[PDB]
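Quick setup: one chain, the form solved without nicotinamide-adenine-dinucleotide, written in structure tokens, and binding and motion questions come after.
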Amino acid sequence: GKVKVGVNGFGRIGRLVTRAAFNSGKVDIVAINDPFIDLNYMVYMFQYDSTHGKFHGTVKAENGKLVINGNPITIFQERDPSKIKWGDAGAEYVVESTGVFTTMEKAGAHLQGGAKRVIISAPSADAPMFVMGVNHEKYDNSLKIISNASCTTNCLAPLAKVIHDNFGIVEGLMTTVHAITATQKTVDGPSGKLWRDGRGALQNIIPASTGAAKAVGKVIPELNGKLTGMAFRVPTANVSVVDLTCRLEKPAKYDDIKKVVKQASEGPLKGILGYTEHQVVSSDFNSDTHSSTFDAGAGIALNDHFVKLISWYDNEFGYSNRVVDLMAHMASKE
């Protein structure tokens, strides 16, 4: 009864989503589209990974199809999304991960090819946004084009939801120390709009602006206009962290915050929000599937109404697993 999924784009997010789908088994990948990557290169790129290690399984090419663990996958090389024959391959859901089709009008071209629903693995200007464990109960089958927001938003939303439900956030500012991404450059090089983003990634911290904190207001309507922040890009492979400073409506000692966060991570947000009291560092969360992990020992509170909270997140694996979970929930809602 597992839904059939097609993936548009074999970049980092697409490859990691395919890996998560094959590791968990919640969905079945049946088609992939990439106009610039051939079959043998696809096999090479899927087999080896610098950050997450060698794939645990078998991958090979046979009769022009990518075979992963014995399951053949159809390969397309179309540049126009409306010309991809998703229906012929049997793909019911399509994951749009290229990062250039984010509006509803642009992302709706996949429906012309026979797909039933489209999931955008990035922030969208007009498509509805859903975060697993926060507002995923709001989804309905009436929706064909939705969005899974972003990694930073997926890390910030559950902790913010717990804190707001228990103590009433009045206003907060967020800072995230983020690992390097594919949009950056090894050495000083041209960068059209963001001049800072063109500087050498290995030698600098390159501050940056982000909209995840604002998008939390879209995910949680009561927090609209009460959050915002920025980011710093450090020369680290993948693991990233979130730092939230907020003012609370009700008094809250740090012990009470720890207790409520642990209780939330146990029952309701199990597998989404983690909790740890150990002396962890960034590399301890490599290949971790949690959306966010609360670091009890790293935070600090000035008084009962002004605190700073720290949460870790693997911006590669966690987001891909969340995408797979959202697709599984959508299939169950059918």
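All residue numbers refer to positions in the sequence shown, first residue = 1.
There is another form of the same protein, the form solved in complex with nicotinamide-adenine-dinucleotide; it is not shown, and what comes next is about it.
Among heavy atoms of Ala122, some come within 4.5 Å of nicotinamide-adenine-dinucleotide in the deposited complex. Looking at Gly200, you'd find every heavy atom of it more than 4.5 angstroms from nicotinamide-adenine-dinucleotide in the deposited complex. Although the partner is absent here, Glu78 lies within 4.5 Å of nicotinamide-adenine-dinucleotide in the deposited complex, judged by heavy atoms. In the deposited complex, nicotinamide-adenine-dinucleotide sits within 4.5 Å of a heavy atom belonging to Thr98.
For the residues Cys151, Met132, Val94, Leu244, the 4.5 Å heavy atom test against nicotinamide-adenine-dinucleotide in the deposited complex is passed only by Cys151. Across the proposed site, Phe36, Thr181 and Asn315 without exception bring a heavy atom within 4.5 Å of nicotinamide-adenine-dinucleotide in the deposited complex. None of 137-145, 220-228, 155-163, 99-107 except one has non-hydrogen atoms within 4.5 angstroms of nicotinamide-adenine-dinucleotide in the deposited complex; the exception is 99-107. Along 1-40, a non-hydrogen atom within 4.5 Å of nicotinamide-adenine-dinucleotide in the deposited complex is carried by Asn8, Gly9, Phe10, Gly11, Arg12, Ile13, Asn33, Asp34, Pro35, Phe36, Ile37, in order along the sequence.
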